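Order of appearance sets the numbers: ligands from 1, and atoms from 1 within every ligand. Side-chain atoms are counted along with the backbone in the values below, which use heavy atoms only and exclude waters and symmetry mates. A, B, ... follow the sequence lines: proteins, then strands. Residue 1 opens every chain.
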Amino acid sequence: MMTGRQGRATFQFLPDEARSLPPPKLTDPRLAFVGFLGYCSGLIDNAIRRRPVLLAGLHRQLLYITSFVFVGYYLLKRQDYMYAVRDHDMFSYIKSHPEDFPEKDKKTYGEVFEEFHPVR
Amino acid sequence: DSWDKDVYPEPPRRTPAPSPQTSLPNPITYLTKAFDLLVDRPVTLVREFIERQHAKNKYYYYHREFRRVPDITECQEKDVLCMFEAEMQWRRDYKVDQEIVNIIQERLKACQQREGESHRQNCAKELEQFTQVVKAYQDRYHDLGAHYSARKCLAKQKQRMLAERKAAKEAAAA
Amino acid sequence: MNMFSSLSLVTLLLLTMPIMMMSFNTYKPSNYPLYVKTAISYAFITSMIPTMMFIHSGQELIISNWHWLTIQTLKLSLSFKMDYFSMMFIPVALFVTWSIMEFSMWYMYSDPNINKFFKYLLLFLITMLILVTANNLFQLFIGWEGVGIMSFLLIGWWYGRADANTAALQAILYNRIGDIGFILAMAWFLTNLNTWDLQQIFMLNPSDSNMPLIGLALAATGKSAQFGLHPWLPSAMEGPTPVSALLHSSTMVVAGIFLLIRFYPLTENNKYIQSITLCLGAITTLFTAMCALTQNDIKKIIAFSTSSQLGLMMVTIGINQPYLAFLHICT
Amino acid sequence: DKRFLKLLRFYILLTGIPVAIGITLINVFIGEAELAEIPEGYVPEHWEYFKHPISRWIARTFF
Amino acid sequence: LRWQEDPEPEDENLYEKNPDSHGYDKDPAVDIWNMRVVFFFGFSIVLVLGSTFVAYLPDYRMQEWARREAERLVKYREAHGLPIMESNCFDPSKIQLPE
Amino acid sequence: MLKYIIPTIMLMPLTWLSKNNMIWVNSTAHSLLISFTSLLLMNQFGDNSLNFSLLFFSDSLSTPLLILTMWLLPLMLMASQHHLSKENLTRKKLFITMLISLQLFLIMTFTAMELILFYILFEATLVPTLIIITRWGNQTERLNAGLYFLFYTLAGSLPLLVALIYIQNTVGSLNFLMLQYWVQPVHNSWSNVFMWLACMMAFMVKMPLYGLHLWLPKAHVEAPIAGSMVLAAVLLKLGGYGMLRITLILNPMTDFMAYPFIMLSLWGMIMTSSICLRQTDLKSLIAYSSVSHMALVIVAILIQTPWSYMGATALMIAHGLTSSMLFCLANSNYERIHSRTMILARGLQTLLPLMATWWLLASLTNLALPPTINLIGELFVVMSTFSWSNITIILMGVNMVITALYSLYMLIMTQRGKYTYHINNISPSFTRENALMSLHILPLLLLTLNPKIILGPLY
Amino acid sequence: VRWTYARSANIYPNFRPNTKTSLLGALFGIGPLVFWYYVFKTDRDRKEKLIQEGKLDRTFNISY
Amino acid sequence: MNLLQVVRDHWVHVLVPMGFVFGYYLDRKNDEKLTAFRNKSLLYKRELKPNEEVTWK
Amino acid sequence: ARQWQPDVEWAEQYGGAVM
Ligand SMILES: CCCCCCCCCCCCCCCCCC(=O)OC[C@H](COP(=O)(O)OCCN)OC(=O)CCCCCCCCCCCCCCCCC
Ligand SMILES: [Zn+2]
């Protein structure tokens, strides 16, 4: 639904306006889980090729962890940018059309009548 | 001393004086003397020693007091922050009212045992107070269901108030 | 008061110590049957002290010592009612059990599991005293089902006998049918009187009492082996004779009658129930006595005598003489 | 069967006896607290609203 | 035979080789330590200390407090002639019934 | 809840990284430490639940279920040792990994604050459960039992997924605290009749409801002992816990939509109790016994009274320990005679005096002998249903009679009569077997002293 | 083995839906459910009517 | 007897005990982010004691 | 007894052109 957004940044992984948003922390729990998925890939790689799962090729296991974390960091930046843009458009539209989003008249439960249904 | 006598009233005691009409030795008196000597006395000594240790290390605990907060009637629709505090207060008062019914029930049960065969007359005061509190408890907290809440209690009240308002008006129509 | 209440509770606690010591605290299997018997002997003596006090000044008290559970507006406490009925039945039950246990040491001398047999007999005695001393329905129900389960374990004592297991399971079957009335009574009292305590049950004194009392009458039928649920009591003459002497002839089968006596303040204001209890008892005394005129087994004959006696007790409740029914239990 | 019941008793009493002794000592030489009114301008700790010393310790340490 | 299949093995009774077996393992050293952890952590810790912990919960579900509070209110209201408990949980002044 | 989630996950490294001969010792010891720490969840307040974070919360309803779940894991490891003693080491550790992953999902299910998170974890218990049944089951029928267990749950769950997402769009949140305040009544329309069914049929099939229970005799019989303990003790309670939550947003439509399910439950328990009087398989008799006790819980939840919700919580926890114990007792016999027929080994009280004591206690609590919490929960539901309608006392009472008949019938066929002459390998009960039964019954009988911790939020 | 096998597993493969099995299935499967529905629905409709009118004695009915 | 076959066959016993400490640690961290109403609720709001900066942490 | 595993009869159900 946001394919044709007014932002004239087409086919860009991270439009320059995305640099106004905070980057993910390197200790982000989402980034730790992505790194963990890299570790599982390392162990599964050892098992299918019949190597000591925990010990074999520590050089290859590190590259699995690093590769996943590296790609995960940028997918999180774009993930957070897209949600930031979603809220930006939503609030702008609500401001541009005040008649469609009126402030409801406040009422208190001492004034609002609610039907009572006995449980007996 | 241990408990407040106003909440749990007990009528003043009256013990008939012994008026024996037999020269035989009343065994209960002799057993009473023995019990007060071989049981009551040793127990008191242990309690006195224990009590003294308590006075050496004396410390206090306090009865928590909750300041009143706006109730459900003053909460705006779909305002969780106000509704949350109003609902928690209602649940607390619900527990207090449950124990009040227990206090009155305890007085009613205590009266029945104390008065013996005269309970049906001497306990009319307790029964009337028991009937009043129960009806007050029933009107507020009954038929709400397992998922009861302040909102459901308020709606039941407004239903009862409307019927009372209409019932008085309908009767006054004649 | 202090002596009265303290000596009333020690009677119950004294009977528990032989059970507690079975957890290899003090070990003496050779005299354990004698150990249980001696405890009953002392339990009778201590129970007499409250009994003599009641005879003197008509003293009675309630002891709600422990607060167990509180379901909103229903406070359940471990309450013992030391009154006319409890102060008089406890000495009698202990006095009879005292003789039963001494008899058992001779009758069951050659039984390999005599230690188990005496533990089971004492377990029944504790449950009956809970039943007799109960002040609220839930505690009364613990003893109610307790005596039933101990009856099952003692009726089927010789478990290699297919015909003893049938008698034990038959006793559970019939008593459970009567428990429907007991659960019905508890539900009605909670729904209407908002209580299970006998103090508040009598104080409110409902007039419409056909349903709760019909429940108690049905409960009495199964427990006291009145007509309709009678056949199990003759069948209960399959376990050792000492069981027949204590439970199914003297102390257990009088549970159904004892329940209606405890609720006499309600029955005496309801003539409808008295008619049912009268007729139910009348057929039981006639029918069971009639079945005893041609029996050959000596234990069976006494069993049909007990059912006939229980029918007479139910008749006494049906003529609005609750205290004579109790006096017949003790005698 | 006899070996199991002796093992069960040993491990029930291995910590049961120290707890039984420990509770008795607290009840004797410490005892329960005393209901007292809140001093003017004093805010008790959340664990000072309970009576038994063990309850206060449980509330203070874990809860 | 329809295939080459091993004959069904017979069961092994752990009592035959180790009459002191606790039923946990063939190895006596593992078998004894399997039993000790189960009994110590199962009975000596969870059931005994857990039982004591549950017994001394600091006023579980606030039920003891509600009893003191009820006594305080009952004393206050009986000393001023107010009803013990009213049929309205909320003051009607705040309620605005329809029409 | 991270103080229980993380330790549970660490049981997987502990199992794989431990010595070959210490997998059972180390997993059992540390899973018991986790169970010990779960007692800290009893910091329950009388007005407010114990809300940890945005994801997890624990009120008086979740706490008893959490302690039961974490208490069963060590008991499941004790039970499984015999029949896994002669299996490949890696596959023994995979079996243990399945049990740990099942506890991980359960404790997160009972604490999830958001119903869609509840659904995911509620639905995630299937995978580890199915694998246990089909891989380490003993018979050929285990393969047909997994399919029945799988497509019965999913056939009901997938409609629940649509209903939950529908409620979020309309209400704006599936957070349970939010629903407690934003809940609106359900109007009586054909559209809401099928919202109600979607929200409930998922939880009905897991209880199970009579009629939708054919998967339970298959899954509880063809599964290993460890599978049968979790299946009957906890996994049946995901249905009960679900209904105790989702009925908040279903009033007042539950007043009339509960009639067909109350009749299926009130009449169903007589039907399933009667089936137990003629079952030739001891394990199958225990499975059919679960359907009768869970029928009381369904009635308890659908009438929505404080006494019914207190009974339901006690019934679930009480039946959790009793059902698990009964399966273990039946399994101890099976590990000797290697057959599930009830009438094959008899008079076992002559050869196993102490194991017959456990049989007696297991049966007494099964038939709800007071003051056991089995009776407390059943008694509370009977009182609540009597107020719902006085005639229900007939059906409740009849079930008590039938319940005591099959309970003692099971105790009399296997523990009495004459021993089977040709069975000559009834070795004395091991310490492992005896300790397994104590860890069930002893906590079950202790809760009678302080039963308020298993009476739920409405205590 | 043959006794238990016939009692459990060999029943359905030998089942044929006919007049006898169909009629007995409904009479013993659906009859009791319909019977108890009208016994309870009628009873609760009756009771609910009295409570609204105020003709049902609930003086001390505060436990449910 | 020697760490060569002691600290390698028994190091796994810190895995679960250490997972509890780490879990208990993260539970406290969550409380740091849920302080929007610390000493700001109508029920328990009050004035800070002479020596304190946060009513609870 | 011993855990059941498929025999040739069971496996040949899955060796045909169709199920
Ligand atoms: C095992 C095979 C399967 C067995 C299936 C179950 C048996 C089916 C039996 C056939 C169905 C009979 C039920 C008929 C519908 C109920 C009509 C009735 O008579 O109810 C009586 C009584 C009325 O109470 P209420 O709810 O207020 O309704 C009043 C309506 N005017 O209702 C009540 O208040 C409840 C009274 C309960 C009475 C005790 C339970 C009866 C059984 C007792 C044991 C046997 C002794 C029978 C004699 C005592 C009768 C009380
Ligand atoms: Zn085996």
* Asked: What is the ring orientation for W24(F) with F95(F), classed by angle as parallel under 30°, tilted 30 to 60°, or perpendicular over 60°?
  -> tilted
* Do the ring planes of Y288(F) and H213(F) sit parallel (below 30°), tilted (30 to 60°) or perpendicular (above 60°)? -> perpendicular
List, pair by pair, the atoms of ligand 1 and of the protein that are both N or O and lie under 3.5 Å apart, giving the separation rounded to 0.1 Å.
residue: ligand 1; atom: 28 (O); partner: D43(G); partner atom: OD1; Å: 3.4

* **Count, waters excluded, of protein N, O or S atoms under 2.8 Å from the Zn ion (ligand 2)** => 2
* To do: Using the six-membered ring wherever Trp is involved, compare the ring planes of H220(F) and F327(F) and label them parallel, tilted or perpendicular (cut-offs 30° and 60°).
  => tilted
* Pair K93(F) + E87(F), salt bridge at N-O below 4.0 Å -> no
* Asked: Cation over ring, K283(F) on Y334(F), under 6.0 Å and within 45°?
  -> no
* Between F287(C) and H230(C), ring centroids under 6.0 Å -> yes
* Determine, step by step, whether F430(F) and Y24(E) satisfy the ring-ring contact (aromatic ring centres under 6.0 Å, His included) criterion, reporting the C-alpha distance in whole Å, the side-chain angles of both residues, the deciding distance to 0.1 Å, and the verdict. => CA-CA 8 Å; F430(F) 294 99; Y24(E) 290 100; 9.0 Å; no
* Would you call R58(G) and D143(B) a salt bridge, taking side-chain N to carboxylate O under 4.0 Å as the test? -> yes
* Strictly under 6.0 Å, is that where the ring centroids of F182(C) and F141(C) end up? -> yes
